[PDB]
Amino acid sequence: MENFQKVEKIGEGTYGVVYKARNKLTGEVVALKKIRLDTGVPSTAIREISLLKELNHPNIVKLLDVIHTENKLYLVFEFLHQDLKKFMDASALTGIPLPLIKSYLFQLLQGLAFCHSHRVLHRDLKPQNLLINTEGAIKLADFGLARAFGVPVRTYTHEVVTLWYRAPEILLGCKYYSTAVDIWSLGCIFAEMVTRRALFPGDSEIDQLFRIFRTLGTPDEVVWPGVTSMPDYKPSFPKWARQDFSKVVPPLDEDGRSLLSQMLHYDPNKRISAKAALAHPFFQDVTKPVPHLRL
Ligand SMILES: COCCNS(=O)(=O)c1ccc(Nc2nccc(-c3sc(=O)n(C)c3C)n2)cc1
């Protein structure tokens with residue numbers, strides 16, 4: 001801090017508070033995240049975070065500076081003016097126009113393609129972490145912070161962390177999950193943009209899993225070899241039949257439903273990569289429209 005002048009709270013992220021702040025030399029407005037340290041700050045968290053300062057991409061919220069003092073760490077991010085949650089709320093009556101949904105999905109997949117080529121995972125994608133600007137860009141925020149620490153189930157703020165976007169392999173207690181978890185979260189967000197309702201609004205871990213199962217079918221060894229040996233899998237899970245995607249995300253067109261199906265494959269190895277998603281036929285007519293943002 002010290003060179004920074006708080007102007008308002010824009011989020012109680014999972015790791016700390018997030019303020020809009022004005023840099024008191026350069027005059028730049030930034031998003032300041034005070035990170036809430038367990039005792040001190042692990043040096044490995046510091047080296048983990050430092051590598052992020054280099055992971056720069058048009059679709060990743062730029063980390064400007066990391067600033068360390070005793071039991072407070074600060075991350076200084078470029079400031080964007082709105083998150084996708086708020087923009088989706090704002091768009092609730094008419095929905096986001098599909099061309100703009102498509103552009104946002106395409107850009108994010110580009111972001112994810114980049115991170116994953118550097119072996120960096122987000123692990124916690126959600127509409128609150130997807131930030132937009134007036135020029136039609138969308139960016140991944142709060143990014144690779146999960147590996148740097150871990151994610152508590154209860155943030156310092158006593159708001160519950162959302163499970164709505166969590167890949168099934170995480171929920172079934174796999175320890176060493178992959179990039180494919182981010183593809184899953186992004187498909188849940190795609191679906192939500194299209195339908196204007198959360199796809200799997202779980203309010204505990206088993207409600208979340210049983211919501212996935214109801215829509216997609218209870219997974220078995222036919223669709224997900226190895227599933228039945230995962231740490232939190234129980235042979236006593238109820239066996240639901242799969243619903244059709246025509247019912248899940250109307251009125252998404254066939255290309256979009258086919259891409260979404262690949263993003264939502266149970267087996268993280270059959271799940272489409274970000275890079276392969278970019279070549280899907282759904283992005284043959286991609287464009288970059290301007291949102292109607294009300295700031
Ligand atoms: C009433 O409005 C409250 C809803 N939040 S909001 O207004 O849409 C919003 C406004 C601005 C921002 N800006 C912003 N810019 C850069 C980074 C961030 C975030 S969001 C997040 O979780 N982190 C860690 C960061 C750095 N936020 C984020 C959210």
Side-chain angles (χ1 to χ4, degrees), residues 9-18 31 33 35 52 59-61 63 75 77 80-92 96 100-101 104-112 115-116 120-133 137-171 177-205 207-209 211-212 215 249 260 263-264 268 271 274 277 291:
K9 189 189 279 202
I10 67 196
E12 255 115 345
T14 296
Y15 280 106
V17 220
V18 184
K33 194 195 208 333
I35 289 151
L52 296 192
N59 300 111
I60 290 351
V61 178
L63 191 44
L75 306 191
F77 286 109
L80 276 91
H81 275 80
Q82 192 159 309
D83 73 40
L84 180 70
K85 184 172 185 333
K86 187 167 148 177
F87 175 63
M88 282 196 300
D89 298 347
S91 288
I96 298 171
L100 181 57
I101 292 176
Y104 283 169
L105 184 70
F106 191 74
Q107 290 178 60
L108 256 13
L109 282 168
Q110 277 189 90
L112 268 59
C115 290
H116 296 351
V120 173
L121 283 205
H122 187 116
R123 294 168 208 274
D124 197 29
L125 281 192
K126 69 198 132 141
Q128 309 103 96
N129 279 168
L130 276 24
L131 301 169
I132 63 176
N133 72 18
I138 195 171
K139 309 179 160 204
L140 297 150
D142 228 11
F143 193 114
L145 264 5
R147 177 174 191 261
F149 316 108
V151 191
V153 188
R154 183 61 60 129
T155 177
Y156 79 105
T157 147
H158 317 315
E159 301 192 355
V160 291
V161 168
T162 309
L163 276 358
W164 294 2
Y165 306 94
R166 215 179 268 180
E169 59 265 34
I170 297 175
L171 268 9
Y177 51 72
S178 70
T179 55
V181 303
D182 290 335
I183 294 298
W184 175 273
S185 309
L186 188 62
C188 297
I189 290 165
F190 182 27
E192 190 172 342
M193 287 191 289
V194 164
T195 66
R196 333 171 208 176
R197 236 188 143 157
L199 225 204
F200 304 135
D203 67 355
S204 62
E205 310 208 74
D207 185 68
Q208 180 72 30
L209 218 46
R211 283 167 181 282
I212 302 172
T215 301
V249 294
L260 176 72
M263 287 180 93
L264 266 15
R271 210 170 294 150

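Along the sequence shown, residues carry numbers from 1. The figures here come from the full heavy-atom set of this structure, side chains too, leaving out hydrogens, waters and symmetry mates.
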Do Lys139 and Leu80 have side chains that get closer than 4.5 Å, going by heavy atoms?
yes
Residue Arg211 excluded, over 12 heavy atoms near CZ under 6.0 Å:
yes
pair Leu121-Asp182: side-chain heavy atoms closer than 4.5 Å:
yes
Taken to the nearest 0.5 Å, the spacing of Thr179 OG1 from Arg123 CZ works out to 10.0 Å
Between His122 and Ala141, the two heavy atoms sitting closest are CE1-O, 2.6 Å
When rounded to the nearest 0.5 Å, the distance separating CE of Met193 from CG of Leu199 is 11.5 Å
Gap between atom OG of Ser91 and atom CG of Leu100 - 0.5 Å precision
8.0 Å
Check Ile101 against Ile96 and note the closest heavy-atom contact, atom names and distance.
CD1-O, 3.4 Å
Can you measure from CG (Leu186) to NZ (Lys126) and round to the nearest 0.5 angstrom?
15.0 Å
Report yes if the side chains of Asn59 and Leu108 come closer than 4.5 Å at any heavy-atom pair, otherwise no.
no
According to the side-chain hydrogen bond (donor to acceptor under 3.5 Å, both in side chains) rule, which pairs have a member within residues 148-163, sequence neighbours left out?
none
Run the numbers on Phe190 and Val249 for side chain to side chain contact (heavy atoms under 4.5 Å, CB included), then give the verdict.
CA-CA 9 Å; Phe190 182 27; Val249 294; over 6 Å; no
Mutual orientation of the aromatic rings belonging to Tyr15 and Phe149 [parallel < 30°, tilted 30-60°, perpendicular > 60°]:
tilted
Passes side chain to side chain contact (heavy atoms under 4.5 Å, CB included), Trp164 versus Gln208? Steps please.
CA-CA 7 Å; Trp164 294 2; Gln208 180 72 30; 3.9 Å; yes
Any side-chain heavy atom of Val120 within less than 4.5 Å of one from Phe143?
yes
Compare all side-chain heavy atoms of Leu145 with those of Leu75 and state whether any distance is below 4.5 angstrom.
yes
With the side chain counted from C-beta on, respond yes when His81 and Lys86 share a heavy-atom pair under 4.5 Å apart, and no when they do not.
no
Any residue meeting side chain to side chain donor-acceptor pair (under 3.5 Å) with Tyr165, in chain and number order, not counting sequence neighbours
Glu192
Distance-minimising heavy-atom pair for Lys33 and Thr14
NZ-N, 4.5 Å
Test item: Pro127 and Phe87 side chains (from C-beta on) under 4.5 Å apart, heavy atoms
no
Give me the atom names and distance for the closest heavy-atom approach of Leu109 to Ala277.
CD1-CB, 3.7 Å
Would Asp83 and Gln128 satisfy side chain to side chain donor-acceptor pair (under 3.5 Å), going step by step from the backbone distance to the final call?
CA-CA 6 Å; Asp83 73 40; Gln128 309 103 96; over 6 Å; no
Can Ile212 and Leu171 be said to form a side chain to side chain contact (heavy atoms under 4.5 Å, CB included), step by step?
CA-CA 11 Å; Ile212 302 172; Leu171 268 9; 3.7 Å; yes
Pick out which of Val161, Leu209, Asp124, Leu125 makes a side chain to side chain contact (heavy atoms under 4.5 Å, CB included) with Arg166.
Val161
Nearest-0.5 Å distance, CG of residue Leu131 to CG of residue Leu140
9.0 Å
Non-neighbouring partners of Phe77 that pass ring pair (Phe, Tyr, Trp, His ring centres under 6.0 Å), sequence neighbours left out
none
So how far is it from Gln107 CD to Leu112 CG, rounded to the nearest 0.5 Å?
12.5 Å
Might you point out which heavy atoms bring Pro268 and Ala180 nearest each other, and give the distance in Å?
O-CB, 3.5 Å
On a heavy-atom basis, which atom in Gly202 and which in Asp207 lie closest, and how many Å separate them?
CA-OD2, 3.2 Å
